[PDB]
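Take a look at this one chain, the form deposited in one PDB entry, written out in structure tokens.
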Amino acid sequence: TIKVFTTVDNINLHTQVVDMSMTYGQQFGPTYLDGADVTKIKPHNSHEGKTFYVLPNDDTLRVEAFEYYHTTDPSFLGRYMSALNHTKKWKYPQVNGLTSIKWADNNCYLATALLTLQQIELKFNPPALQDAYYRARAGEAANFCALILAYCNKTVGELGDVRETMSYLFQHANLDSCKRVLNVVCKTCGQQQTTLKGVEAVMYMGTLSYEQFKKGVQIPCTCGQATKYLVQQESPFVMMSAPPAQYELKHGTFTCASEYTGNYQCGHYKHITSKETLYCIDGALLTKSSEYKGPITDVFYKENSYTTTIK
């Protein structure tokens, strides 16, 4: 026999004694070690004392699991552990003061999201995401990336869209204080004003330019081509997206941006960030230039409180 700790959150640990002739699956249920599925594996001697993740099998663990992850999905733990099994093997080099990811397993979109998250103000609601976020900012991002995959219901190797990943992540973050007031001007119908809250207040699809959004954009009306423009914005940042197209990025006019090259779904992302000059982060690779023209699909801008001056 050996003694071990079981857990669902790696915080509340539960002391357990195992029989060395019985696989973990028969004694605990699905059991994992550092992401590795050890369900159908018998206890070893090097396994003495180590802490194992277990799928919740009593009410105490179910409550602990929800409090840490904010999900009751019985598949979440296994998807998380399956991702972690790869992400713990990726490299996370510091590039220009930011934790990036060396290229592997189609992770370019994850590197771009990871880099963006280090440059905008965000509070995640699940303790598991917040804790991993902090550790990620300090260079240890394997767990954060695994969690991103599990929360986005994506698997290692799958082809990911950065805008969609950020949107999923935003939905697990505290964006309640975020507010966007819009005004639509139709010649026949008139003037209608809507207010958005949460994730919808910080994201727009249609143009990369925050200025253009403030000046107004052409959207078809219910009557059938009105104009929508930003009336008031209340958020620490905004994300502007558009299908990839050549675009000029000017130093000091944006926080950071997603560059996307190639075919729909199987292309490659790079990350552009505005520091004292423009830096391009391609996984572990870093280039700099005073101007930038290229195929851009997301642009992030800082914000606090904006009210329009249109009467």
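Start at 1 with the first residue shown and count on from there. For clarity, a rigid core is taken as the largest C-alpha set superposing within 1.5 Å between two forms.
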Higher-deviation segment by CA RMS in 6 other deposited structures of this protein, core fitted, 16-24 or 284-292
16-24
Larger mean CA deviation from the shown form in 6 other deposited structures of this protein [core fit; 38-46 vs 51-59]:
38-46
Chain break class for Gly224 to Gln225, judged by how many deposited residues have no coordinates
1 to 3
Mean C-alpha temperature factor, higher of 103-111 and 207-215:
207-215
Highest mean C-alpha temperature factor of the two stretches 36-44 and 263-271, which is it?
36-44
Most elevated Cα B-factor in the entry, residues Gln26, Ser258, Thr277, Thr60:
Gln26
Using only the C-alpha B-factors in the record, can you name which of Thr194, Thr165, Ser241, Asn143 has the highest?
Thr194
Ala136 CA temperature factor, ranked by third within the chain:
lowest
Ranking the modelled residues of this chain by C-alpha B-factor as given in the entry, is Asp176 in the lowest, middle or highest third?
highest
Chain thirds by Cα B factor, record data; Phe237 belongs to the lowest
In terms of its chain's C-alpha B-factors, the third that includes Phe170 is the lowest
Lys50 - which third its CA temperature factor falls in, relative to the rest of the chain
highest
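Omitted here: the form deposited with a small molecule bound. The next part is about that form.
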From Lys275, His70, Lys42, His47: within 4.5 Å of the small molecule in the entry with it bound by heavy atoms is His70
Quick one: from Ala132, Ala226, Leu115, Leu175, grab the residue that has a heavy atom within 4.5 Å of the small molecule in the entry with it bound.
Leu175
I have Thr195, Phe213 and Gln232 flagged as a candidate spot, so tell me whether each of them has a non-hydrogen atom within 4.5 Å of the small molecule in the entry with it bound.
no
Contact label in the entry with it bound: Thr222 to the small molecule, heavy atom within 4.5 Å
no
In the entry with it bound, does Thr188 have a heavy atom within 4.5 Å of the small molecule?
no
Is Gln218 a contact residue for the small molecule in the entry with it bound, using a 4.5 Å heavy atom cut-off?
no
Decide whether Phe66 counts as a contact residue for the small molecule in the entry with it bound under a heavy atom distance cut-off of 4.5 Å.
yes
